[PDB]
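got an experimental structure here, sequence first:
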Amino acid sequence: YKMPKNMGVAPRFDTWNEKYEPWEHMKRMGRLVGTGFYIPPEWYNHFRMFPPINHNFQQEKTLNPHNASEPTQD
Amino acid sequence: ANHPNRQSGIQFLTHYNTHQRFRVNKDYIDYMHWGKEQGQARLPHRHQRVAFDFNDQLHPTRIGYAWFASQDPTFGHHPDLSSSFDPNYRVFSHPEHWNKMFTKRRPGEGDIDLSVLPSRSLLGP
Amino acid sequence: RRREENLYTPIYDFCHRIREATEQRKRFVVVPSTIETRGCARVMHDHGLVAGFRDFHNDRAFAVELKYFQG
Amino acid sequence: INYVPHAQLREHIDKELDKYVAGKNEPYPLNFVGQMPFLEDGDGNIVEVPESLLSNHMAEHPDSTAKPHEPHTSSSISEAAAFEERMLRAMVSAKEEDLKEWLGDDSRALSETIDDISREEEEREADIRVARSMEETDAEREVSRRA
Amino acid sequence: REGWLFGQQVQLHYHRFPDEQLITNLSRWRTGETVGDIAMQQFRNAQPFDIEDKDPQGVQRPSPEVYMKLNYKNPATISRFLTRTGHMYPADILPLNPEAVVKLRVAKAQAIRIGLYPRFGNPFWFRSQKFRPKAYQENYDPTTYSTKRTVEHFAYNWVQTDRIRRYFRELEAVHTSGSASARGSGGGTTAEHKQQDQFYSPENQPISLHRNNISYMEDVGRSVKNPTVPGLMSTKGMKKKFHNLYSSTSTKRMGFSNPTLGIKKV
Amino acid sequence: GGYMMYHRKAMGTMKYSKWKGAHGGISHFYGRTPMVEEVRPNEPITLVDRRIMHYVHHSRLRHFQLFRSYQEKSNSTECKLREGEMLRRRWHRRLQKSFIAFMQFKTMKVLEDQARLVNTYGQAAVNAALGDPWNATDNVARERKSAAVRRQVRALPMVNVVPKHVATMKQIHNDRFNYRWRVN
Amino acid sequence: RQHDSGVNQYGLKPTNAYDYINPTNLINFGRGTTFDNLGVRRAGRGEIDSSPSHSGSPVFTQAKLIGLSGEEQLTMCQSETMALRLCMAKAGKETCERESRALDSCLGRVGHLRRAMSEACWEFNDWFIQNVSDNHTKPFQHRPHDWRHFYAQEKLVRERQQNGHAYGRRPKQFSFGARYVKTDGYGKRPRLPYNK
Amino acid sequence: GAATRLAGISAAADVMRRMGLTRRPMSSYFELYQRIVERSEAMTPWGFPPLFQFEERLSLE
Amino acid sequence: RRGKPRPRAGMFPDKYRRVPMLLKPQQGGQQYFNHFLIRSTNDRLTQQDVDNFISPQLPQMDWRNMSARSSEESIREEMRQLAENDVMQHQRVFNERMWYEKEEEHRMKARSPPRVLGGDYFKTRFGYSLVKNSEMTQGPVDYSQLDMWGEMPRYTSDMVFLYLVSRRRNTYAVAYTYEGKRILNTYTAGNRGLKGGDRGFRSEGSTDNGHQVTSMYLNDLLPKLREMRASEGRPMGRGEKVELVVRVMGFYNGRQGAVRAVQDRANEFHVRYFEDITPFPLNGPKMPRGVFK
RNA sequence: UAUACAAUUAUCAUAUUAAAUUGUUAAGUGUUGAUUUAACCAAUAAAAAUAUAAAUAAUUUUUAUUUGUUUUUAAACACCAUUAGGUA
RNA sequence: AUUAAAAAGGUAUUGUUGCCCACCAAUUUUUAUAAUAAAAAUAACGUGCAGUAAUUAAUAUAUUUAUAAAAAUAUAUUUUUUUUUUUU
Ligand SMILES: [Mg+2]
Ligand SMILES: [Mg+2]
Ligand SMILES: [Mg+2]
Ligand SMILES: [Mg+2]
Ligand SMILES: [Mg+2]
Ligand SMILES: [Mg+2]
Ligand SMILES: [Mg+2]
Ligand SMILES: [Mg+2]
Ligand SMILES: [Mg+2]
Ligand SMILES: [Mg+2]
Ligand SMILES: [Mg+2]
Ligand SMILES: [Mg+2]
Ligand SMILES: [Mg+2]
Ligand SMILES: [Mg+2]
Ligand SMILES: [Mg+2]
């Protein structure tokens, strides 16, 4: 049984985005700082009061090409 | 699901009578020629969708401009008023409509029904 | 389609529609319109689990609007 | 629609069998396949053959005496618009005489070159590595089997 | 994530924004090099062709009237949809509206059993060439699956550039040597240039820099084709050996040697 | 025994064997003739043939014929082969479009370059380099140049190549045009 | 930092549980491998495992594309050589260097043309690797069983036509002379399989 | 929906200058400018595959 | 070296690798350079003599021609001129081909109110909108573009039909009178020697056995033709050719060579029609089972 | 010894809302013979093309009906045995 | 002055000097005893070399065949390795 060469290291083509999505780091860093035991990085000091946009969702979870996901990149 | 003929998955957001898309005996899908504009071939066609995205347009209201007289005189054709829009529109699918299975799949062979595509022949008019 | 299979309720399927349309991050779902279904809708909109809902006195369906927060 | 009734049958059949009777003063009607078919006289003998078929008709049954059948001619405008039709058709056969083929001038000097380059390809070919399997006999096929 | 066409990860373009030509060329622009400039005008916003089949499987072919004649009694109009042998074209070679395929296979069938079409071959093959879009190698259609034509026109235009290069290299060459009148003790070339560069060298006027030259030219006539008499050793009766000829040592580290290479055919 | 015409043993030559059908003029092949070429005067038939053969080969007809006319294959293996063929075709097309979509960019860069040449030497100069008759003067020079272009543009007939047929031992494919191993 | 995020000190950085159990995969593939050559699972060029991939099957025909070195290959000058051959074959009394000059002029250009095409094609190999190739990550599309799901869809159809019964069944092949050798009462043409 | 790119570059040079990013002042502006000008000649220059654009498990050479 | 093949030449370090570039080739003759330079300059001056732009032009002397352009005749003109050339040119550079065709048409052409119908009139004509778009030629239509037998052979009571059949392991040739009478027997690649107990099967059905066979058959075909025609009273004395229809079974290798061996007989045999009859298997009786299936 | 499957996607044998069934075409004789095959042996060799619409959805067919085994070689190919035949 | 760089499988696991397959003896154990019961443990002897794309690719059904793995044919098929005409 022959496969395409690099399938061992093949990335998850649906979920590989999640890790890097801004909201994630907002939440995590949110409850990390909350402890009192972490010094907030300054980006968090900033986006604290300008949290990112709500309804932009990737094309992986929403399966539509026609959905214009981005207010910016449109 | 790795079984062939089960590949279309579980979709609840369809309009069919089963939530399991692969038992539905109505519309067999076509993996090779389909899904240019809908993304994957499994997913429902644009005009048949029962769930809607945030920044995407939803279904046009069908007519079958006179009535905008009170509006801005300039205002053009409202993007959601469509002359011809059909929720029931049969999209050509080879495994249904052109079915080559009982043949050797040579050039002319396979059984075709013509009742799907609207006739481009001159014979009608 | 056959015997051993579950017998579905327009509650079962109501829920799985909402679930799946929440997973694909859609803003609207079309959903079966019976009594306890739009009952459930009103209750959810009370508790603020759903952005809003409407019944158009369409017979089959009515439509719910989903809410998202922090991505 | 003119329906053939039972009373009118043979009259009509015969009016039809005489459609091409091998002479008339007027232009002849074509086929459903759009051909000018053989003009037979009374009783259905093959008397007049149109030009495209004459070679074969004569080659198959030589003793058959048949004529080339020319259509009756009808003249549009003058011999002037027909001579201008002659100029346009000659210009068509000219643009086609230009586009068709060159072939240089003389044949044998062309054929020489073709056969030569075919030969050159033949012996640039014979130097290609064959497959192991095509090359060897069954002696060492068997040898490698045992081994 | 894939584009539909060839599966690209990006949407194709050449340029996108209004300023990029300006911003890229900026010191040129302040300089005023760019004033009459036609390269920053012509191609500034130029984008790729649409290389796409509006009809992947033609519902457009044939155009309407053709259908009328797709019956059994139109040998010509049957023939414009077959090969020179009479067979149909595979669906993805010459795509046809399914109507046309039905009517066509039916047509050819009827036509044959009535004797109005041959059981093999295309009797209208030449006549039918008008109706076929014969695409001249000289014109370019942006949509082709022909990779040859593309590279052909690439070649053509590049060579058309090279012509210009060469014309203007040899031209000013002939104005280096052709400007020599008062150049003998003239200012046009430095005294030190008289010193160093007035000697024959690889860049100046080499003899030949290459082996296998033409020496000894003469006007003598040609000889007869094949003046030589075939040798006394027969090359014909000798069998050509390839694989087993010399002895080799396998660099195979571990595992059974791949059977497809050694043993598989026959 | 009775064989078809594309069969191996079809036209036999032996003491018993005799050829079937009216064999000349109007013949057994009467309406069964796949191609007809009237030979133009002063034209070698080697061009005629190599055009016919190139035709059949590039449209994969001689492929098909060779294939089916030698040995039997069940409808499953035949399907497997035609569909594999067609799918590899699909793949390679989707490659060609990529190549081409790049090459049209390459050509664009070339044409763009040619424009830059234009505004270095002026348009007319560029034109001169391109074979423009500005020394044309009278019509006779134009006619010499156009007689040049005439003698160029008129096409010599193509000798186009047809790959030979490789006869292997037990003939797994009689479609064999190269020595590469195939998957049957 | 000084280098890639998906490659640490000892090799590829092992994210899924397959790499913690099978950590050969972290550092090895093929013969062409170097330590900087991990995380780029494609190796250099002209090199073992340099080949770019398109829907998973690698691209080994590149030269064949630009029509350098192909059996179908692009041919620059034909009219030339045919003209000169014509002359050579006609007669031996007059000799033509008038043609040979036209021709070798032609070839003299052909050289730089070819270097150009080769160059552009290497640029294509690079562009392709950046913006198209998946680096052997996605399942093959080019063999019929990879499309099995598609075929299934049509088997399903032929079954529901048969009252939802015979899956993957086909009409029994008959005989060459099937119709015309059979007496009345027996099926002269092959039926639907459910209609046996 | 494609704005003009000048404000963007003057901004992105401004940030690197006002942030202390470089020891010698010009380097910020020069590098940012240069890197753009080289990419200007590339086929489909301003689009990028999503996976290779940035840090991810597998990368470009 | 030892029991192995010698490397290709380029696999070795350069033969002349230790000899400096100035030496290969030597540039000698440096003595003559100066001489040939002075020579060429003196020459130039002579070529200047054989034949024998700073004529000061004042701008104020031109004024009349300037006032000529301020009159709106000339500007009506420039406007007309410039509005003609604003039409979106597709040319972009001087192109040789297009020039050629253009002036070709100038040689071909040097050799060469009623009420406007409203939209309503065309609203009532259904036909017209189908005339505008139609493929079908309107006017008297050429008949040779209809008839079935238009492009097809045309035979003669005297023609010889030469059958060249190329098979996989064999090739053979025959001839027939138009009435189907066999002329000479069928010369075969295994009939002529050429085949068995020899070099191999691989080359058995090859190109040059087809050639051998055809060139051997024609050679013998001539005299018996002159005989069969001597019998009926057709002398065919001299300056005669045999009209030939070459029918070819094929797609095998023996085909190519075969027809070539006919082409060289062009001084004797005149080929009117080249038409191949090669059987195509739509479906039919089982072929013999091969190895795999 | 007792002590908590799944119910959103699971490959070997308990099917189920379906439009089919029926079409009489083709092919055949000139003559002295190495065809096919990696290789043997028996020994006339050519051939069998046409159909869409339409049939309504579900609720008591599960002892019913249904899933490539088929008369006629005086018709072949093919296949199996080896010159005798079997089968097709 | 003629050619060569880039696509590939492992039932093994420092890996083909790798592993495995059936018959062919003893024994051990349960039973629903069919040439000579069946099934399971098993480490002799003897025949081979069936399998790992594996020396006529394999897998499933079907029919036949048989020292033993298995082999022939008819279908489907890739848990086998790919080679690619958008009217020429
Ligand atoms: Mg395997
Ligand atoms: Mg691997
Ligand atoms: Mg018999
Ligand atoms: Mg590798
Ligand atoms: Mg069950
Ligand atoms: Mg017991
Ligand atoms: Mg036992
Ligand atoms: Mg085996
Ligand atoms: Mg074995
Ligand atoms: Mg095996
Ligand atoms: Mg098996
Ligand atoms: Mg079995
Ligand atoms: Mg056995
Ligand atoms: Mg078995
Ligand atoms: Mg088998």
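Everything's here; your move. Numbering: from 1, shown residues only, chains lettered A, B, ... in the order given. Ligands and ions are numbered 1, 2, ... in the order given.

in chain F, which spans are helices?
F:45-58, F:61-70, F:75-121, F:123-129, F:139-153 (DSSP state H).

out of those, which gets nearest to residue G:68?
In terms of Cβ to Cβ, the element of the helices of chain F nearest to residue G:68 is helix F:75-121, at 12.9 Å. The C-beta positions use only the backbone N, C-alpha and C, and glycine is treated the same way.

which secondary structure elements does the closest one contact?
helix E:39-42, helix E:147-177, helix F:123-129, strand G:53-54, helix G:63-66, helix G:98-131 (3 or more Cβ pairs under 8 Å, 6 or more residues apart in numbering or on different chains; DSSP states H and E).

got a markdown table for the helices of chain F, with distance to residue G:23 too?
Below are the helices of chain F laid out as a markdown table (distance: least, Cβ to Cβ, whole Å):
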| stretch | distance to residue G:23 |
| --- | --- |
| helix F:45-58 | 52 |
| helix F:61-70 | 49 |
| helix F:75-121 | 34 |
| helix F:123-129 | 63 |
| helix F:139-153 | 66 |
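
just the element for residue I:245, please.
Element membership for residue I:245, per DSSP states H and E: strand I:242-249.

now that strand, how far from the centre of its chain.
Distance of strand I:242-249 from the chain centroid (Cα atoms, centre = their mean, to the nearest Å) equals 23 Å.

which SSE is immediately downstream of that strand?
The helix or strand immediately downstream of strand I:242-249 is helix I:254-263, counting by DSSP H and E.

next, the buried residues of the helix or strand following that following helix.
Going down the chain from helix I:254-263, the next helix or strand is strand I:269-274, by DSSP H and E. Using 16 or more other Cβ atoms under 10 Å in any protein chain shown as the test for burial, strand I:269-274 gives I:269, I:271-274.

ok, now stretch H:10-19?
Quick answer for stretch H:10-19 (16+ other Cβ under 10 Å): H:13, H:16.

kindly report the same for stretch F:87-96.
Under the neighbour-count criterion of 16+ other Cβ under 10 Å, stretch F:87-96 has F:87, F:90-92, F:94-96 buried.

show residues contacting that stretch.
E:5-7, E:92, E:145, E:147, G:54-55, G:57, G:59, G:65, G:141-144, G:146-147 (Cβ atoms under 8 Å, 6 or more residues apart in numbering or on different chains).

buried only: go through these for me.
Buried members of the contacts of stretch F:87-96, counted by 16+ other Cβ under 10 Å: E:5-7, E:145, E:147, G:54-55, G:57, G:59, G:65, G:141-142, G:144, G:147.

closest one to residue C:46 among the helices of chain F?
helix F:75-121 (53.2 Å).

now look at that closest one and say if it contacts RNA strand K.
Yes. Under the criterion of Cβ under 7 Å from any atom of the strand, RNA strand K is reached by helix F:75-121 at F:75-77, F:79-80, F:84-85, F:88-89, F:91-93, F:96.

nearest to residue B:40, of those residues?
The closest of the residues of helix F:75-121 next to RNA strand K to residue B:40 turns out to be residue F:91 (Cβ to Cβ; 19.6 Å).

on that earlier part again, of all the residues of helix F:75-121 next to RNA strand K, which comes closest to residue I:214?
Nearest to residue I:214 among the residues of helix F:75-121 next to RNA strand K, with distances taken as Cβ to Cβ, is residue F:85, at 34.8 Å.

okay, now the closest one: neighbour count?
Neighbours of residue F:85 under the rule other Cβ atoms under 10 Å in any protein chain shown: 14.

residue D:14 versus residue B:109, what's the distance?
46 Å (Cβ to Cβ, to the nearest Å).

ok, now how distant is residue H:16 from residue C:69?
Separation of residue H:16 from residue C:69 (Cβ to Cβ): 35 Å.

can you tell me the closest non-neighbouring residue to whichever residue of chain H sits closest to RNA strand J?
Nearest residue of chain H to RNA strand J (Cβ to the nearest atom of the strand) works out as residue H:50 at 23.6 Å. The shortest distance from residue H:50 to any non-neighbouring residue, by Cβ to Cβ, 6 or more residues apart in numbering or on different chains, is to residue E:1 (6.3 Å).

can you report how many residues lie near the one you found?
Applying other Cβ under 10 Å, I find that residue E:1 has 15 neighbouring residues.

so which residue is dead centre in the chain?
Reading this off chain A. By Cα atoms, centre = their mean, chain A has its centre lying nearest to residue A:21, at 1.0 Å.

think we crossed wires, I meant chain G
Short answer for chain G (Cα atoms, centre = their mean): residue G:59, at 6.2 Å.

which one of residue B:109 and residue D:14 has more residues nearby?
Shown here are residue B:109 and residue D:14; by other Cβ under 10 Å, residue B:109 has more neighbours (14 against 9).

so the more buried one sits against residue B:100, correct?
Yes. Under the criterion of Cβ atoms under 8 Å, residue B:109 makes contact with residue B:100 at 6.4 Å.

rewinding a little: which strands or helices does the strand holding residue I:245 pack on?
strand I:160-166, helix I:254-263, strand I:269-274.

what angle sits between the longest one and strand I:160-166?
What that stands for is helix I:254-263. Here the directions of helix I:254-263 and strand I:160-166 differ by 150 degrees (axes from the mean of the first three to the mean of the last three Cα atoms, to 10 degrees).

and if you look at the last one?
Here strand I:269-274 points in a direction 70 degrees away from that of strand I:160-166 (the same axes, to 10 degrees).

what about residue I:122, distance to chain F?
41 Å (Cβ to the nearest Cβ, to the nearest Å).

enumerate every residue touching that residue.
Contacts of residue I:122 (Cβ under 8 Å, 6+ apart): I:128-129.

which strand or helix spans it?
helix I:119-124.

does chain E sit close to stretch D:51-61?
No. In terms of Cβ under 8 Å from any Cβ of the partner chain, no part of stretch D:51-61 sits within range of chain E; the closest distance is 12.1 Å.

just the CA atoms of that stretch, as PDB, please.
C-alpha atoms of stretch D:51-61 as PDB (Å, rounded to 0.1, in the frame of the first residue of the first chain):
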ATOM      1  CA  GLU D  51     -22.000  13.900 -62.800                       C
ATOM      2  CA  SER D  52     -20.700  12.700 -59.400                       C
ATOM      3  CA  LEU D  53     -21.600   9.100 -60.100                       C
ATOM      4  CA  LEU D  54     -20.800   8.600 -63.700                       C
ATOM      5  CA  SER D  55     -17.300   7.100 -63.200                       C
ATOM      6  CA  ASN D  56     -18.700   4.300 -61.000                       C
ATOM      7  CA  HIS D  57     -21.800   3.700 -63.100                       C
ATOM      8  CA  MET D  58     -19.700   3.100 -66.200                       C
ATOM      9  CA  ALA D  59     -17.000   1.100 -64.400                       C
ATOM     10  CA  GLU D  60     -19.500  -1.300 -63.000                       C
ATOM     11  CA  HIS D  61     -21.600  -1.900 -66.000                       C
END
